[PDB]
Structure formats: structure tokens, C-alpha cells
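What follows is a single chain, given as C-alpha cells, in the form deposited in one PDB entry.
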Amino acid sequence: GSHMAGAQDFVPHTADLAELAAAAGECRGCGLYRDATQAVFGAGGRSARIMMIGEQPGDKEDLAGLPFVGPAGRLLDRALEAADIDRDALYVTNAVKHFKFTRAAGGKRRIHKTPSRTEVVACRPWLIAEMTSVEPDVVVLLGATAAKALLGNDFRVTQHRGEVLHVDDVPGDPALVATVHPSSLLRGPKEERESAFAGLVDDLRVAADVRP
């Protein structure tokens, strides 16, 4: 890449998810490996028919080494239940595999920082390897960073959420459904939260109803 080397040559030629996950722990495709605790690879099995892709680890994901374990993951768990999506059908990952954060000079708390488009493009080869291994029927794009990673920078989740989409550039031609990131339900006003949760559930139901 122009700013970052990219992950492409760190990605081993394999569909084994465990081998991919170990190799991501050695990735230096961008700068984010340096300050992060560990790579946070996807969770689930190749038999999954629904792949869900978030933005990046948060604080709790970085410490645990698993995706969607913090507050946003708790919300996602409730939305999955409300749509009767069995977790055995899921492979869950993020567009970026190492936690990007900063700290105030006189503070200790790690402050989440949105990955740059540069870092998203650098990390995308891992996502392509995951999609090739899992071959999902449908991909849920949880938020703008993930949706733009596969649908292009001009894509707007608030414009096209809940629509079943297909693009050429994507291995295996799965259906794609974009929605808002579960953390946005928390970031927004408490009085919009109920309607926003119902909207996430409705978008998940669209994805769950995709028939290959």
C-alpha cells in the first residue's frame, strides 16, 4: 500500500481457521500490532452459514482475544436472540484485527480509536481469507467500517441498511446485508435506543431469511 505494507503477504495459503488465526498473531501489515495486546481473529466454524463482520476489537476484545465480548457484544447477543439466530450458525469477526486506541497523557484508560481506511485496506486480506474458508450464504456488515470494507468507501449504511446486496468483487458471491454497529445503539440517545435495537433486529432477520 501507499502508507501501510498490508497484510497480504502475511496470510498463509490455507482455509484452516486455526492456522489463519495463528498467522494473524504474527502480522505486521500495519502499525496496529505494536500497541495491541494480541490479534483478535474471528470466532466460529467453517460450517457457519452467516458471517458477521464488525469494525475492530474494543478494550474487552483486546484483553480476551475474542470478538464481541464487551458492551456492544452483549447488545448483539440480545439481538441475535430476538431474531432466533443460533450462534452455531455464526462466524463472527472484525474488519481490523488489532485494537487501535490512544491514551490521554495524564490518563490510564485506553480510548477506542476508529481504524483508518488505510488500516482497513491493510487488514482486508484476512477478511478475504476468512470469507473464502467459511463460504457463508450471507454476510452481515455491522457498521460503516465493515460495510465500506466490502462495498466501497461511498457506501452508506444509513442509506442502504437492511437491503440484500451482491457485489462481484467478493469471493463466493454471498448475499450482503448492512446494518448499524451495535455500539451505535449505546453511543446514541437513550430514548432512541429501543427503536434502534428493533431496527438492528429487523436487519438481522433479513439476513437470516436469505435462501441460497
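Shifts are known only where both forms have a C-alpha. Between two forms, the rigid core is defined as the largest C-alpha subset superposing within 1.5 Å. Note that residue numbering begins at 1 and tracks the sequence as displayed.
Checked against the record, the higher mean CA B factor of 32-40 and 156-164 lies with 156-164. On average the C-alpha atoms of 12-20 have higher B-factors than those of the other stretch, with 12-20 and 196-204 being the two compared. The PDB entry assigns its highest CA temperature factor, among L186, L150, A175, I53, to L186. The PDB entry assigns its highest CA temperature factor, among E119, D88, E130, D77, to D88. When the modelled residues of the chain are ordered by C-alpha B-factor, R109 sits in the highest third. Among the modelled residues of the chain, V170 sits in the highest third by CA temperature factor in this PDB entry. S47 sits in the highest third of its chain by CA B factor, as recorded in the PDB entry. The PDB entry assigns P182 a C-alpha temperature factor belonging to the lowest third of its chain's modelled residues.
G65: CA B factor lies in the highest third for its chain, per the PDB record.
Although not depicted, the form deposited in another entry is the subject of the following passage.
The comparison between this form and the one not shown, aligned on the rigid core, picks out a single residue among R28, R156, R46, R187 whose CA moves by 2 Å or more, and that residue is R187. One change in the other form concerns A122 and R187, whose Cα atoms lie at least 3 Å farther apart than in this form. Note: the CA-CA distance for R187 and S116 expands in the other form relative to this form, by 3 angstroms or more. Every Cα shifting by 2 Å or more, across three or more consecutive residues, marks a moved region; comparing between this form and the one not shown on the rigid core, these regions are 103-109, 187-191.
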